[PDB]
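Need coordinates for the following:
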Amino acid sequence: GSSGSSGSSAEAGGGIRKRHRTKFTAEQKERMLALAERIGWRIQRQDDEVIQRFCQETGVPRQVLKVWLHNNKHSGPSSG
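Numbering: from 1, shown residues only. Take a look at the structure below.
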């Protein structure tokens, strides 16, 4: 096939907008925290299924789920 929509996979280097006005609630917060503590505050082509999936249960954008970790980890509201 391939004709209407362009090949999804082509280039790696991405970057769509910056962390917009987010409002992670105890849910999203904890959700990510539990994820970060699950994936390792990291992202891989393996956890993708989880990353993307988690975005289905939460709704947070990957790009956010990424920076978030950074916006969280490395000095911040650390509890666990």
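
what comes up buried for stretch 22-33?
By 16 or more other C-beta atoms under 10 Å, the buried positions in stretch 22-33 come out as 24, 28, 31, 32, 33. In this view, the C-beta of every residue, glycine as well, is placed from N, C-alpha and C.

what secondary structure does the third one sit in?
Under DSSP: H, G, I helix; E, B strand; the rest coil, the three-state class of residue 31 is helix.

Please tell me I have it right and it contacts residue 54.
Yes: here residue 31 reaches residue 54: they are 7.1 Å apart, a contact under C-beta atoms under 8 Å.

Neighbours of residue 64, how many?
Residues lying near residue 64 (other C-beta atoms under 10 Å) number 20.

picking up where we left off before, so what's in contact with residue 31 and residue 54 at the same time?
residue 60 (C-beta atoms under 8 Å, 6 or more residues apart in numbering).

ok, and the closest non-adjacent residue to residue 32?
residue 68 (5.7 Å; C-beta to C-beta, 6 or more residues apart in numbering).

What is the neighbour count of the one you found?
For residue 68, the count of nearby residues is 23 (other C-beta under 10 Å).

and what of residue 77?
If you count neighbours by other C-beta under 10 Å, residue 77 ends up with 7.

One more: residue 60?
Residues near residue 60, counting by other C-beta under 10 Å, number 19.

distance of residue 47 from residue 13?
Using C-beta to C-beta, to the nearest Å, residue 47 is found at 20 Å from residue 13.

So which of the two has more stuff around it?
Neighbour comparison, residue 47 and residue 13: the larger count goes to residue 47, with 16 against 4 (by other C-beta under 10 Å).

now the residue nearest to residue 32, what's its secondary structure?
For residue 68, the assignment made with three-state DSSP gives helix.

And it, how far from residue 27?
Noted for residue 68: a distance of 13 Å to residue 27, by C-beta to C-beta.
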